[PDB]
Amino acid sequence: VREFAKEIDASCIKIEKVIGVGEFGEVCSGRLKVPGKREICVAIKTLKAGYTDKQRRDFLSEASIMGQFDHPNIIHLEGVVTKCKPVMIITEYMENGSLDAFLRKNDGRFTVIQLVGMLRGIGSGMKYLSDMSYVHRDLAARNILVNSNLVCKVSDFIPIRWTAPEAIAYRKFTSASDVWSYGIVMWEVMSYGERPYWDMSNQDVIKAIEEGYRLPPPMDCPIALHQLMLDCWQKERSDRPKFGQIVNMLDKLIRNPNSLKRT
C-alpha cells in the first residue's frame, strides 16, 4: 500500500499573500486551523487559472508523491483541497525560503558548524529519498527550503552545472548522479550561493569536467569538506560515496570538530 494526501476542509485555510509565481501557477502563505489543533503557518500552491483536467491530474500527482515521504529533512505535506475549486496543495511554511536565496542574503553570517549542519540535513533527506528508490534529478540549493531554525528540507517533487557527466551524456539518472549534484550543493552552501563554475559557459563546463577539472574549495572552506565534494564528483558513478556514507562522514566531522580546522 502507498500513502496519499489528506483532504483539507477549505474553511480551515486562510490565504494571506502571494509569495512566489511560476509557469505552473503560484505559491501563497497562509494559516491552517483545524478544530482542536493549534493554528500553523502553511504554504499553498495552486495551478494557473484555466487549468485542464490533465493539468489538474499532473498537479495532484506532485501531492501523492509527496505524501509518500515522512522525514524531518523532506518538506512536510499537510494535504490537498480537491472538493472545492481551485485545487490546492498545502505544505508546512518554511520561513526562510530557498537555501540559495537565504545564503546570498546572509553572506558570511553563519559558522562552519552551522553550515555543516545544513549539509547534514540535506544529506539525511537525500538518504531517505534514495532509500526509497527515488531520484531527484534536480538537486540544487534553489530546491532546498529553510525554516526559522535553519533546518533544511528537500523540495521540488537539464540544469547542466548541477548534473553528473553520465546523466548529461547518456541520460543515466540514478542516486549516484544525485550524489554528484549533492557535491555541487555542498559547494553552493560553503560559498554562500556562488554560481558553480562562475562565468564558464555550459559547453566549457562539460569539456572541463571531462578533462578532469573540479571546483576548488570555497573561501575558508575546510579541506575535509572539499575532499568530500571531490568524492561526490568522481568520474565513475560507482566510485562516489552513497548518501549513507556522506551522512556518516558529516556526522564524524560534527562529532570531531577539530577535523574542520585544516583549510
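Residue indices: 1-based, along the sequence shown.
Q: Classify the number of deposited-sequence residues missing from the model between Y134 and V135: none, 1 to 3, 4 to 9, or 10 or more.
A: Per the deposited record, the segment joining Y134 and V135 has no missing residues.
**Request:** Between 36 to 44 and 59 to 67, name whichever shows the higher mean Cα B factor according to the PDB entry.
**Result:** Comparing averages over the C-alpha atoms only gives 59 to 67.
- Message: Quick check: 219 to 227 versus 27 to 35, which has the larger average CA B-factor in the record?
- Response: The stretch with the larger average C-alpha B-factor is 27 to 35.
Name the one of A167, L77, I158, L115 with the greatest CA B-factor according to the PDB entry.
Result of the comparison over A167, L77, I158, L115: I158.
Taking the values straight from the PDB record, which of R104, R109, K153, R142 has the highest C-alpha temperature factor? The listed residue with the largest C-alpha B-factor is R109.
When the modelled residues of the chain are sorted by Cα temperature factor, does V247 land in the lowest, middle or highest third? Ranked within chain, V247 CA B lands in the lowest tercile.
- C84, C-alpha B-factor rank within chain (lowest, middle or highest third): It belongs to the highest third of the chain when residues are ordered by C-alpha B-factor.
Practice task
Classify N147 as lowest, middle or highest third according to the C-alpha B-factor given in the PDB entry, relative to its own chain.
Solution key: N147: CA B-factor falls in the middle third of its chain.
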